[PDB]
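Here's the structure, in structure tokens; my notes come after.
Side-chain atoms are counted along with the backbone in the values below, which use heavy atoms only and exclude waters and symmetry mates. The sequence lines fix the lettering, A, B, ..., with proteins before strands; numbering per chain opens at 1.
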Amino acid sequence: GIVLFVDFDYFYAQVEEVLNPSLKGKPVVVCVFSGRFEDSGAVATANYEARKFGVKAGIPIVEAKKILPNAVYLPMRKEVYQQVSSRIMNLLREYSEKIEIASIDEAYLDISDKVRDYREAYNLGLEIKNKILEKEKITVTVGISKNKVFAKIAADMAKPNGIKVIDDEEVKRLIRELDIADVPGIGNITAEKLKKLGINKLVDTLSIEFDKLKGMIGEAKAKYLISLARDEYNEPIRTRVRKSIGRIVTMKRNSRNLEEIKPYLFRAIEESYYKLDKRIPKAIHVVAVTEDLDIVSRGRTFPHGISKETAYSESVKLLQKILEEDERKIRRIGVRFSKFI
DNA sequence: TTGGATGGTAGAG
DNA sequence: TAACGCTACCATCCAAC
Ligand SMILES: Cc1cn([C@H]2C[C@H](O)[C@@H](COP(=O)(O)OP(=O)(O)OP(=O)(O)O)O2)c(=O)[nH]c1=O
Ligand SMILES: *Nc1ccc2c(c1)Cc1ccccc1-2
Ligand SMILES: [Ca+2]
Ligand SMILES: [Ca+2]
Ligand SMILES: [Ca+2]
């Protein structure tokens with residue numbers, strides 16, 4: 001069982017550095033500007049130079065500019081990053097047929113039949129890094145271990161431009177020593193609940209009553225953590241199948257005017273339908289983000305596919321439903337399609 | 001004598 | 001002053017031959 005994981009370094013920011021080499025080695029911040037006012041929106045990512053000053057994914061641009069006014073702030077050019085991603089993902093395909101594309105910049109390869117051992121796996125990781133750097137001038141981090149979770153943890157430890165093997169002995173050390181927060185899938189909310197059960201390390205999960213852990217974090221996550229801690233997790237590398245395709249836009253001003261909201265919604269539908277690429281959806285959900293950033297959605301599922309024209313009229317009724325059942329003003333509006341034929 | 005649809009939550013982007 | 005995107009999972013529920 002040998003899994004090689006690839007995660008591209010500071011991805012959007014690094015693509016902008018390849019396009020404009022004068023950027024390299026100084027703070028670069030990639031932003032989602034939203035329209036609302038001067039510099040409204042959020043950071044998508046930033047290069048490591050900018051991160052030293054606290055700028056990173058998620059924070060508002062106005063806050064980034066407070067702690068790092070000097071940097072290059074660039075509008076996110078998603079189309080260009082997807083082009084670069086697709087070419088790299090096709091390079092990776094050449095090293096293994098068992099590949100799992102996990103995100104715009106992540107893929108797992110099952111190389112159990114390609115290499116005899118970790119030493120050979122490591123050499124293959126360098127070949128992959130070299131090839132990607134040659135073809136795309138993009139640095140990446142490679143993580144290598146016995147399963148997906150530890151391969152991803154290996155890349156986290158080695159980031160940026162790194163390569164790391166976590167061998168059987170180091171897996172045992174991490175079960176003992178790794179802060180549970182740093183386990184994939186364990187976020188702030190789950191971690192804090194675990195903090196209450198005395199669980200700080202993966203190994204702590206072995207001594208706890210299974211139903212107290214279940215009653216706290218739910219069946220799936222409890223099973224997940226115990227399996228990892230047991231050194232048994234062995235989930236297969238499988239092709240990811242798109243389940244939903246959606247778009248959400250920020251309105252210039254908050255509104256409850258249907259006619260004022262509709263153009264944004266239709267734009268979201270038009271854009272969603274372009275990305276569907278031959279897929280035919282049987283479900284549609286409208287999403288409204290209210291003034292206080294609560295997320296509200298209403299959907300409808302048909303026994304048959306939804307035509308683009310049908311989506312327009314159905315989305316209107318879903319938005320009328322939200323507007324009738326929630327009095328708060330809408331700030332963001334979007335649509336999602338799912339249950340593809 | 002359990003299940004698809006429903007809307008909300010949490011997080012490996 | 002807080003984007004954009006998408007999966008897995010969770011409760012809840014109104015239907016159950
Ligand atoms: C986390 C995050 C990522 N992204 C996008 C931009 C990132 O470049 C891309 C990949 O996500 P990540 O791999 O999480 O981040 P990264 O590649 O920018 O940085 P790192 O070196 O630490 O791996 O996805 C967002 O748009 N918003 C986000 O909140
Ligand atoms: N990024 C993003 C885009 C569209 C949608 C979400 C996120 C959540 C959601 C829920 C219902 C419909 C559409 C969307
Ligand atoms: Ca990355
Ligand atoms: Ca990533
Ligand atoms: Ca975490």
Side-chain angles (χ1 to χ4, degrees), chain A residues 5 7-8 10-12 29-45 56-66 75-76 78 81-82 85 100-108 143 147-156 181-193 214-224 228 233 235 240-251 254 268 271-272 275 282-303 318 321-322 325-326 331-339:
Chain A
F5 173 75
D7 193 338
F8 312 159
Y10 60 104
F11 188 48
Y12 300 175
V29 187
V30 175
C31 305
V32 181
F33 299 95
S34 63
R36 294 243 138 177
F37 55 91
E38 192 187 310
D39 290 329
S40 62
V43 170
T45 194
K56 54 196 208 309
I59 75 169
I61 299 159
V62 170
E63 224 267 305
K65 277 163 178 290
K66 274 176 192 149
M76 183 195 59
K78 197 101 170 285
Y81 318 136
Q82 184 54 77
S85 179
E100 175 171 340
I101 318 272
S103 76
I104 198 159
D105 91 324
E106 274 186 7
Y108 298 81
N147 62 41
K148 297 198 271 180
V149 180
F150 282 97
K152 178 185 243 287
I153 295 168
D156 291 346
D182 296 0
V183 175
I186 305 305
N188 299 226
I189 306 309
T190 308
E192 287 298 333
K193 292 188 229 174
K214 187 166 142 281
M216 179 76 73
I217 67 167
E219 193 182 334
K221 270 215 202 59
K223 277 200 208 290
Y224 173 69
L228 275 171
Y233 176 103
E235 286 302 282
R240 279 197 194 186
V241 182
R242 219 61 91 152
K243 287 178 165 66
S244 63
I245 300 256
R247 186 78 167 89
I248 188 169
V249 299
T250 295
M251 308 190 289
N254 295 345
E271 301 207 344
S272 282
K275 287 196 172 69
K282 306 192 282 183
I284 181 182
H285 294 256
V286 170
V287 65
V289 182
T290 46
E291 359 188 10
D292 60 288
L293 304 176
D294 202 24
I295 305 169
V296 185
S297 77
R298 298 290 192 272
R300 180 173 178 205
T301 301
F302 297 82
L318 296 165
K321 195 146 159 187
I322 295 175
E325 307 189 325
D326 186 310
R331 177 190 161 93
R332 305 168 74 207
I333 193 68
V335 66
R336 163 207 274 181
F337 298 90
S338 56
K339 291 169 181 127

- Query: Which pair of non-hydrogen atoms, one from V43(A) and one from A64(A), has the smallest distance, and what is that distance?
  - Reply: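 Scanning both residues, the minimum pair turns out to be CG2-CB, 4.1 Å.
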- Parallel, tilted or perpendicular: which fits the ring planes of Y12(A) and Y81(A), with parallel below 30° and perpendicular above 60°?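 Ring orientation, 0 to 90° scale: parallel.
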Are OP1 or OP2 of [N] and a side-chain N or O of [X] less than 4.0 angstrom apart?
| X | N | answer |
| --- | --- | --- |
| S103(A) | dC6(C) | no |
| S297(A) | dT6(B) | no |
| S244(A) | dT7(C) | yes |
| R331(A) | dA3(C) | yes |
| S34(A) | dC4(C) | no |

Measure from the side chain of [X], starting at C-beta and using heavy atoms only, and say which of [options] lies closest.
| X | options | result |
| --- | --- | --- |
| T301(A) | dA5(B), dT9(B), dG5(C) | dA5(B) |
| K243(A) | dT7(C), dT1(C), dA2(C) | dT7(C) |
| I189(A) | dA10(B), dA12(B), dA3(C) | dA10(B) |
| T250(A) | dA5(B), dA3(C), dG7(B) | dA3(C) |
| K78(A) | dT7(C), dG11(B), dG5(C) | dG5(C) |
| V62(A) | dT1(C), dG5(C), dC10(C) | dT1(C) |
| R240(A) | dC10(C), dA10(B), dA12(B) | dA12(B) |
| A42(A) | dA5(B), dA3(C), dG7(B) | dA3(C) |

- Item | Point-to-point distance, once rounded to the nearest 0.5 Å, from CG of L228(A) to OH of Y233(A) |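 One finds 7.0 Å between CG of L228(A) and OH of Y233(A).
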- Item | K339(A) side, atom NZ; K243(A) side, atom NZ - distance, nearest 0.5 Å |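 NZ of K243(A) is found 13.0 Å from NZ of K339(A).
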- Query: When you compare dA10(B) with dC4(C), how far apart are their P atoms, in angstrom units rounded to a whole number?
  - Reply: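 Result for the P pair: 22 Å, nearest Å.
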- Message: Using the P atom as the point on both nucleotides, what is the distance between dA2(C) and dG11(B), in whole Å?
- Response: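 Their P atoms lie roughly 23 Å apart.
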Tell me what [X] touches on the nucleic acid: a base, only sugar-phosphate, or nothing, going by heavy atoms under 4.0 Å.
| X | result |
| --- | --- |
| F37(A) | sugar-phosphate |
| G58(A) | base |
| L293(A) | base |
| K339(A) | sugar-phosphate |
| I186(A) | sugar-phosphate |
| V296(A) | sugar-phosphate |
| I59(A) | nothing |
| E219(A) | sugar-phosphate |
| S40(A) | sugar-phosphate |

- Query: When the nearest nucleotide of DNA chain C is assigned to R332(A) and to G218(A) on a heavy-atom basis, which residue is associated with the more 5' position?
  - Reply: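 So the residue in question is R332(A).
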- Message: Need to verify one output field. Residue with the more 5' nearest nucleotide on DNA chain C, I217(A) or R336(A)?
- Response: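 Counting from the 5' end, the first nearest nucleotide belongs to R336(A).
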Nearest-angstrom distance from the residue atom [atom1] of [X] to [atom2] of [N]:
| X | N | atom1 | atom2 | result |
| --- | --- | --- | --- | --- |
| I295(A) | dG7(B) | CD1 | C1' | 12 Å |
| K282(A) | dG4(B) | NZ | P | 12 Å |
| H285(A) | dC6(C) | NE2 | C1' | 13 Å |
| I322(A) | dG8(B) | CD1 | P | 8 Å |
| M216(A) | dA10(B) | CE | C1' | 16 Å |
| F302(A) | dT6(B) | CZ | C1' | 15 Å |
| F11(A) | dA12(B) | CZ | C1' | 17 Å |
| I153(A) | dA12(B) | CD1 | P | 11 Å |

- Label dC14(C) north or south, basing it on the sign of the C1'-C2'-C3'-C4' dihedral.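 South.
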Given 3.5 Å as the limit, does a donor-acceptor pair link the side chain of [X] with the main chain of [Y], or not?
| X | Y | result |
| --- | --- | --- |
| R240(A) | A102(A) | yes |
| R331(A) | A288(A) | no |
| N254(A) | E291(A) | no |

- salt bridge (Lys or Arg N to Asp or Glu O under 4.0 Å) between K223(A) and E219(A): does it pass, once the steps are laid out? CA-CA 6 Å; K223(A) 277 200 208 290; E219(A) 193 182 334; 3.7 Å; yes
- Identity of whatever pairs with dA11(C) - Watson-Crick or G-U, under 3.5 angstrom: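 Across any shown strand, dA11(C) pairs with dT6(B).
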- Query: In the structure shown, which nucleotide is the Watson-Crick or G-U wobble counterpart of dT1(B), with both distances under 3.5 Å?
  - Reply: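 No nucleotide pairs with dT1(B).
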